[PDB]
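Down below is the structure, laid out as C-alpha cells.
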Amino acid sequence: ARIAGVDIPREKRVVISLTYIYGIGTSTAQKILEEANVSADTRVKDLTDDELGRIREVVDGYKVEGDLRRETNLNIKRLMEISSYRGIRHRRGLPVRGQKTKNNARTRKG
Amino acid sequence: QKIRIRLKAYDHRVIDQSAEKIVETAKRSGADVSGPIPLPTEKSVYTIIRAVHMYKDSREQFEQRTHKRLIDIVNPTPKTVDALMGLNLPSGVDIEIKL
Amino acid sequence: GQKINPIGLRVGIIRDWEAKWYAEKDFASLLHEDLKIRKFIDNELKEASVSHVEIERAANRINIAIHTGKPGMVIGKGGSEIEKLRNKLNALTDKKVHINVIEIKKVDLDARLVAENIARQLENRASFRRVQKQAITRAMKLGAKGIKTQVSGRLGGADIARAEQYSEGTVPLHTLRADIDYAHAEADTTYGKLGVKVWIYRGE
Amino acid sequence: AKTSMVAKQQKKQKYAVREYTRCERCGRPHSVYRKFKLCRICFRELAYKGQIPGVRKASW
Amino acid sequence: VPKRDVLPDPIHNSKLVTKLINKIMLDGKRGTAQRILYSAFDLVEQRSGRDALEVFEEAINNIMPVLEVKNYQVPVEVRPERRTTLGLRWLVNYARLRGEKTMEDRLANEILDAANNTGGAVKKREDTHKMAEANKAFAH
Amino acid sequence: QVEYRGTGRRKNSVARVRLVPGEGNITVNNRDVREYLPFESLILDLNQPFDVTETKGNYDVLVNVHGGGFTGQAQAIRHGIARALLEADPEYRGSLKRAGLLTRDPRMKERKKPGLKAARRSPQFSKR
Amino acid sequence: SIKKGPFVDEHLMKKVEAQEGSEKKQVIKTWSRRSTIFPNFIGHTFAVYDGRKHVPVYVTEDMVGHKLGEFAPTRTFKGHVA
RNA sequence: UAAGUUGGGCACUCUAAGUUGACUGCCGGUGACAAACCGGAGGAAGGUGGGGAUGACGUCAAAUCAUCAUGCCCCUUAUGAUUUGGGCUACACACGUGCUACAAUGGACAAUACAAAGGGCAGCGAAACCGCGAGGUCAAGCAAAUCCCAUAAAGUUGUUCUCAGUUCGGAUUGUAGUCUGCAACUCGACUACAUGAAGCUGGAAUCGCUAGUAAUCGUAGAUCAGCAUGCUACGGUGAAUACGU
RNA sequence: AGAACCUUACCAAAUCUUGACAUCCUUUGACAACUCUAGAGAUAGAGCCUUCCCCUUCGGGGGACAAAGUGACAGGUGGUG
C-alpha cells in the first residue's frame, strides 16, 4: 500500500504487513531485525516519521512487485516452449526431484 | 607404577576363573594386587526377522555380550609378567596387558 | 516357528559353543575361515560319521576335537593318516592345526550318529519303520531318559509329505535343565529330501 | 541370474563403490550384515547352531 | 479394580485439583496445563472476587448428575466418584468447546456460570435428566 | 553433630540423600529446588516426611542426585529421607510401614515390544 | 548435487571434440546419462538412449532450464491412461 | 579445581559374580476338618511382584524350489550369459499403514534443567575459524566407565502473536549453495530466499491403551560411499476408567 | 535391514556359444599393474609386464593360470511348496 507493494493491512504489526503480499517474507525476520529496527512495536499501525527511515533501504534490494511473477512466467514459457522433459511431469504434479504420485487427488490436477 | 589388564570373553564363568587364576599367580610371588575391578559391561543389539519370505513383524532378538574386566597390579616385576603369561587355556579372554 | 531347535537355547547356559575363539571386531575373518573347515569335515564325516567338532583358537594355534564313531582308523594303525589330514587342513585354512581325536561316548546313544545311521539306512532302501524300531530298542537298552526321532517328506517311495514320531520316556523340552542333543540329517534315494531330527535326553 | 552374480560381485568393478556385501555361504542378495558378511537367515541358522561364542537371547 | 489414586496437590485445600492437573495434561505436557489452570484459579478468584473454593464447590455440587444410562436404555444410580469424574470431564469439555480468547477466561466463566447453576453446564445436566427419564419405559 | 544417610532408586533415578542438622530444607546439587525442578510446586509431597514422620522437626537435607527425570529425582529424595528416619531409630519403622511411602516402588519404564510404533499402540485390525 | 564441477564421461567429450573441429555434425549416437549442460555442446545434436531406442534431439540456445540427460520420460505414456 | 583436573578413600551411588530374600511361609477366619478360599502381620515383593525368550496335539494342500538343498519336465549356439540406458516408484485412481497441520494447553522470540543405552581405528572429528545455513576448513582424545559421536525436547524464567485459513500450517514449484557418490534428472538427503492450496478435530463405520499405562516429547543403533515420515533400543512428563457378562 | 549405475528377474543395443562362472585331461604356470587405439561401454589389438613364489637330489607336484583343444558340462530370478 502506502509503504510499498499492493495493499497493506491497517492497524496491524509490521512483521505480518511486510509478508501479507509478495515481499520480504517472515523467514528473513532475524536478518531484517539485525539490519533494520522497524518491527512490531505493538499490534497496531504505529508508522511514524522515525519508522520507515531505513527499513525501506534494508528491504530495497528485495524488489518484489512483479519480479517473482516474471521469473515464474519466463520459466514456464521456457518449459512449454523448449522440449518439456520437465513440462511433461509438470502436468502430473511431479517436481524436478520427483514425487512418485499415487494419491492424485483433485488439488493440483483436474 | 602399575600394570593393568583388560579381559573380554563372552562367558562370565571363564572370565571369573581367568581373573582368579591371574590374581593368584600374580600374588604368589608378590603382593599388593588390586582386585577384579568391575566395568559396566555394555551389550549389543541384533534384531533378526523370524521368517524368510514374509512376516516382518515377527522378529527375533540377538545381541553380543561385551564383558570388560580390569585387574591392576602395582610395583611391577618380571615375576608377575611370567605369572600373567603362564597359561591362558580359556583363551576366550583377550589378555591386553598395559602399564 | 512353533518348534525351534532347543540346543540353540541350551547353549550359553549349561553347554559350550560349537566354535570358540578370542573376541575381536575381526569376527568375519574367523567365521569365514571356520566355515571352510566345517565344510571340509564332510570328508571324515562320510567314512567315520563324526558327530561334531569343537574348534579352539589359541594365541596362534588352532585346537580341534572330533567325535568320531570309531577311533581305530581315524587315528590309523600307528598314525598313518592323521598327518596328511593335518597337512591338508593346514593348506586349506592357510594356518596350522592341532588335531586331538577323541572317540564319541562308547554307547551309540548320541544324536548325530544315529541320525546319520538312519539316514543312510533309508537311503539304502530299508523300511524306515523297522529301522526306527531297532533304533529305539537299542536306545532304551543302552539307557536314556528320553529319545524321539521325527521324519518328514516322501517316505517309502510315495508322493505325499507325511511325518511320524516315535518317542519313549519322559522328555522335558520346555524344561531347561535337560542337557539334550538335537541333531539333523538328510536322506533320499530318488525322491526329493527326507529330513530327520533325532532327540536325546540323557541326564538332568 | 544369481549364478553370474556370485562372480560379478567378485569380478572387476568400474569404480570404487560398485559392489555389495553379499553372503558367502549363501547367495541371498538382500538383508545382509556387513559385520559378518552373512544374510539375515544365515546369522540365525549359525546362532541356533551355537557357532558364534555370543550369548543367547532373553538376556534382558 | 485398583485406581492408583494420587493424594498430594500443590494447592492442598482441594484434592479435585489432582484430577484437574491430570485431565488438562493433554499431549503429554504438564507445566503449561498446570499454569493455565492456575490462571483460571486466579481469574475466578478475581472476577466477582471470592475464594475459588466456594465457586468451585458450587460448580461441583450443582452440575452433578443423578440420571444416566448404561438396544435398551435404562436409568442407573451413579457412584459418587464416577459422578465427580464425569462432572470434571464435562468441565474440561466445556473449556475446550468454548474456544475463547485468553488462556483461562473460558475456564473461569465456566466455573462461575456452573456455580450460578445456569448456562451450558446445566443445559447438559437437564439433557441427561430428560434423556434418561425418557428411558424409564424399560425400567418395568 | 551426626549425619544420617539414605538413598532413593526409582524410575532409573538415584538420589544420594544426605541428611544434616538445620532448619529443615534441601540443596539439590548445592542448589534450590524451586527452579532446578521445573514446575515443582509439589514440594508438599516432599515435606510430607516432616508432616507425618518424626513429629514435625524439620531436618536439613543435602542431596547429590544424577540420573532419571526431575520428578523421579524428587520422589527419590523421599526414599532417602525415609531411610534416614528409619536408621535414626527403629521406633517409627512400623509406622512408616503403616504410613506408606516406605515400600520402594519398583514400577519403572518397561521394555518396548515389536508391534508398537512412535505412539506405543498395538497394530490395528483388518477393517472393511 | 554438484561435485568436481560439471560431470562428464570423458569419452563422449572425445567424440564431440573430434566431430566439432570440422563442420558440426547433426548425428551423434550416445547414452548421455553422465553428462550435463555446458557451452561446448551448442550447435550439435545428441541421441539420448532412454531405454528402448536413442532419439536425436537438437541442442537449442537456451539450455538453462533443460538437461540433456533426458528429453522424454523413459516411462512411455508415464504409466497412465491419460 | 571453570569443571572430580589434581593428592586421598571406596564412604554413597554405580559397577560385574556369589548369597539371603516372595516361597503360602506364618497367624485369624471360611471351607467336608482336607485341598483350597478371604483378611491380616512380618514383609520391597501376598497370594505365581512386574517384563521378555521358551508357542502341546495339531488346523490352514497357509508361505518359501527366490537363503540353501531339492525329485521330475524344458532350453542348453538358448529358457545360459559380459557391458551401457531405464524399471519394479508411472496415475482418471482406490486402498492400509506411517508422518505433518487444522492451534491460541497453542505458535514465534530470548536465558535456563533433568537420561540411559549403543558404536567407535582410521572410525567416532575436542576446541576453533569461516559461511545466509546446510555445511567448508584446520584441529584434541580414544582399541574405550578416560575421549568422541552428543543437546537431551517438552519443561522452569519473561515476551509477542489475540481467534483470522490465523506469526497455525508447509502441500506446491522456482532461484542460489552443502555432504557422499566419476555420476543426485525417472533417481538421495540438507540448506538460504520467495511463493502459501486444503485442512478451523472430521459423517455411518472404525482401531489402540488397564500403571509408570496411554498420550506426548526427545536420544541412540543398524540399514549406508550418502540417502529412514520405516524398524529396533534408550530416556522424560504422565491421569481417570473396569459397577458388572 | 537401502532401487541413479552395480543393483534386477525385463526390454533395447553391442555380443560369445564347454558360454558369465566352476571342476575334471593336456599343452603349462605366482594370478597382469599402467598406457595408446577401434568401440556408447563390453570386448578386442597391442606397448608394457603376470612372471617356480614351496618343497626342487636338477623332473615333477601343487599353486595360480597367459591362451588353446577335448567329452562331460556349467547354467537357468524357467516351471512345480
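Here the Cβ is made from the backbone with ideal geometry for all residues, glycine too, and neighbour counts use every protein chain on show. Read the figures in this text as sums done on the coordinates, not as results from a lab.
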Which pairs have Cβ atoms under 6 Å, sit 6 or more apart or on different chains, and link a residue in the stretch B:57-79 that is under 18 Å from B:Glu24 (Cβ atoms) to one that is hydroxyl-bearing (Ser, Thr, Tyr) and within 10 Å of RNA strand H (Cβ to nearest atom)? B:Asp72/B:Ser34
Per the list (1) near RNA strand H (Cβ under 9 Å from one of its atoms); (2) more than 12 Å from the chain's Cα centre (by Cα); (3) of a type in the set (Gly, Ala, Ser), residue check on E:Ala95 breaks on (2)
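State yes or no: is C:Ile75 away from every other protein chain (no Cβ under 11 Å), more than 23 Å from D:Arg25 (Cβ to Cβ) and either aliphatic (A, V, I, L, M) or over 19 Å from the mean Cα position of the chain (by Cα) (or both)?
On the way: away from every other protein chain (no Cβ under 11 Å): yes; more than 23 Å from D:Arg25 (Cβ to Cβ): yes; either aliphatic (A, V, I, L, M) or over 19 Å from the mean Cα position of the chain (by Cα) (or both): yes.
For C:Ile75, the condition - away from every other protein chain (no Cβ under 11 Å), more than 23 Å from D:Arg25 (Cβ to Cβ) and either aliphatic (A, V, I, L, M) or over 19 Å from the mean Cα position of the chain (by Cα) (or both) - is met.
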When the stretch C:24-52 is examined, which residues are found to be surrounded by 14 or more Cβ atoms within 10 Å (Cβ to Cβ), part of a helix (DSSP H, G or I) and more than 13 Å from every other protein chain (Cβ to nearest Cβ)? C:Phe40, C:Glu44, C:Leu45, C:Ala48
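Kindly establish whether A:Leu74 is at the interface with another protein chain (Cβ under 10 Å from one of its Cβ atoms), in a helix (DSSP H, G or I) and of a type in the set (A, V, I, L, M).
Numbers: at the interface with another protein chain (Cβ under 10 Å from one of its Cβ atoms): yes; in a helix (DSSP H, G or I): yes; of a type in the set (A, V, I, L, M): yes.
So A:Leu74 fits the description; yes.
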Would you say G:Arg52 is exposed (fewer than 15 other Cβ atoms within 10 Å of the Cβ), charged (D, E, K, R) and within 11 Å of another protein chain (Cβ to nearest Cβ)? no
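Among the residues of the stretch F:73-86, are any among the polar types (S, T, N, Q) and not in a loop (DSSP other than H, G, I, E, B)?
Within the stretch F:73-86, one or more residues are among the polar types (S, T, N, Q) and not in a loop (DSSP other than H, G, I, E, B).
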Restricting attention to the stretch C:6-18, does a residue exist that is surrounded by fewer than 19 Cβ atoms within 10 Å (Cβ to Cβ), more than 10 Å from chain D (Cβ to nearest Cβ) and within 22 Å of B:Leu89 (Cα to Cα)? yes
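To keep it simple, each residue is scored yes or no on (1) within 30 Å of G:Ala72 (Cα to Cα); (2) surrounded by 11 or more Cβ atoms within 10 Å (Cβ to Cβ).
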{"residue": "A:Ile16", "(1), (2)": "no, yes"}
{"residue": "A:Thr26", "(1), (2)": "no, yes"}
{"residue": "A:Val44", "(1), (2)": "no, yes"}
{"residue": "A:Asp49", "(1), (2)": "no, no"}
{"residue": "A:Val58", "(1), (2)": "no, yes"}
{"residue": "A:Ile82", "(1), (2)": "yes, yes"}
If a residue must be more than 6 Å from RNA strand I (Cβ to nearest atom) and either in a helix (DSSP H, G or I) or not acidic (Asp, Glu) (or both), how many such residues does the stretch D:12-40 contain? 20
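Hey, can you tell me all the residues within the stretch C:1-23 that are outside any strand (DSSP E or B) and β-branched (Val, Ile, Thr)? Before you say what the answer is, go through the steps one by one.
Our first condition is that a residue be outside any strand (DSSP E or B); within the stretch C:1-23, this holds for C:1-10, C:12-14, C:16-18, C:20-23.
If the condition is that a residue be outside any strand (DSSP E or B) and β-branched (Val, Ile, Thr), then C:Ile4, C:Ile7, C:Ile13, C:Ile14 are the ones that fit.
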Give me the pairs: first residue in the stretch B:39-55 and within 11 Å of RNA strand I (Cβ to nearest atom), second residue part of a loop (DSSP other than H, G, I, E, B), beta-carbon distance under 8 Å, and six or more apart or on different chains, which are they? B:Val45/B:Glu63; B:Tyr46/B:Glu63; B:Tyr46/B:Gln64; B:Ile49/B:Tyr55; B:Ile49/B:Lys56; B:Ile49/B:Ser58; B:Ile49/D:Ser31
Members of the stretch F:59-68 that are surrounded by fewer than 20 Cβ atoms within 10 Å (Cβ to Cβ) and either within 16 Å of RNA strand I (Cβ to nearest atom) or assigned to a strand (DSSP E or B) (or both): F:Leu62, F:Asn64, F:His66
Answer yes or no: is there a residue in the stretch B:31-41 that is within 9 Å of RNA strand H (Cβ to nearest atom), closer than 28 Å to C:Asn60 by Cα and crowded, with 17+ Cβ neighbours inside 10 Å. yes
Is it the case that the stretch C:97-105 has a residue that's under 24 Å from C:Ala178 (Cα atoms) and within 13 Å of chain D (Cβ to nearest Cβ)? no
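Being within 10 Å of RNA strand I (Cβ to nearest atom) and within 26 Å of A:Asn75 (Cβ to Cβ): is that true of G:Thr74 here? It would help to see each step written out before you state the result.
Details: within 10 Å of RNA strand I (Cβ to nearest atom): yes; within 26 Å of A:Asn75 (Cβ to Cβ): yes.
So G:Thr74 passes the test.
Could you run through the stretch D:15-60 and say how many residues are on the phi > 0 side of the Ramachandran plot and surrounded by 17 or more Cβ atoms within 10 Å (Cβ to Cβ)?
Kept after step one, since they are on the phi > 0 side of the Ramachandran plot, are these residues of the stretch D:15-60: D:31, D:37, D:50, D:58.
With the extra rule that they be surrounded by 17 or more Cβ atoms within 10 Å (Cβ to Cβ), the set shrinks to D:37, D:50.
Looking only at that region, the number is 2.
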What's the number of the only condition in (1) loosely packed, with under 15 Cβ neighbours inside 10 Å; (2) farther than 29 Å from A:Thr101 by Cα; (3) among the β-branched types (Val, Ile, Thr); (4) within 14 Å of another protein chain (Cβ to nearest Cβ) that G:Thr76 fails to meet? (2)
Scan D:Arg56, D:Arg25 and give me the residue that is within 21 Å of C:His32 (Cβ to Cβ) and within 14 Å of chain C (Cβ to nearest Cβ). D:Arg25
Could you check the stretch C:151-203 and list, in sequence order, the residues that are aliphatic (A, V, I, L, M), more than 16 Å from RNA strand I (Cβ to nearest atom) and away from chain D (no Cβ under 14 Å)? C:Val171, C:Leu173, C:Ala178, C:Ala185, C:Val198, C:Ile200
Find the strands (runs of 3 or more DSSP E) located wholly in chain B whose residues include 1 or more that are more than 18 Å from the chain's Cα centre (by Cα) and more than 10 Å from every other protein chain (Cβ to nearest Cβ), and list them. B:2-7, B:69-74
Of G:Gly69, G:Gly51, G:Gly5, G:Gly65, which residue is more than 7 Å from RNA strand H (Cβ to nearest atom), of a type outside the set (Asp, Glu) and not in a strand (DSSP E or B)? G:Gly5
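Specify the residue that is farthest from the chain's Cα centre (by Cα); the eligible residues are those in the stretch G:38-57 that are farther than 15 Å from G:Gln19 by Cα and away from RNA strand I (no atom under 16 Å from the Cβ).
Residues of the stretch G:38-57 that are farther than 15 Å from G:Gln19 by Cα, as a first pass: G:38-39, G:48-57.
Subsequent filtering for residues that are away from RNA strand I (no atom under 16 Å from the Cβ) retains G:38-39, G:57.
Details: G:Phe38: 11, G:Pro39: 12, G:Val57: 8 Å.
By that ranking, first place goes to G:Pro39.
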The stretch E:6-48, residues that are under 17 Å from F:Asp45 (Cα atoms) and more than 12 Å from chain F (Cβ to nearest Cβ): E:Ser14, E:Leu16, E:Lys19, E:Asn22
Out of everything in the stretch A:84-108 that is exposed (fewer than 11 other Cβ atoms within 10 Å of the Cβ) and not small (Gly, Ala, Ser), what residue ends up being farthest from the other protein chains (Cβ to nearest Cβ)? A:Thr107
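This table checks each residue for (1) away from RNA strand H (no atom under 16 Å from the Cβ); (2) in a loop (DSSP other than H, G, I, E, B); (3) within 14 Å of chain E (Cβ to nearest Cβ); (4) within 13 Å of the chain's Cα centre (by Cα).
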position	(1), (2), (3), (4)
F:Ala15	no, no, no, yes
F:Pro21	yes, yes, no, no
F:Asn25	yes, yes, no, no
F:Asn30	no, yes, no, no
F:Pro38	no, yes, yes, no
F:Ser41	no, yes, yes, no
F:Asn47	yes, no, yes, yes
F:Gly57	yes, yes, no, no
Does the stretch E:3-37 hold any residues that are basic (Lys, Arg) and either under 17 Å from E:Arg106 (Cα atoms) or within 16 Å of RNA strand I (Cβ to nearest atom) (or both), and which are they? E:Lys23, E:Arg35
Residue selected from the stretch D:34-53 under the condition in contact with a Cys (Cβ under 8 Å, 6 or more places away or on another chain) and either under 17 Å from D:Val6 (Cα atoms) or of a type in the set (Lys, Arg) (or both), by the criterion nearest to the other protein chains (Cβ to nearest Cβ): D:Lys37
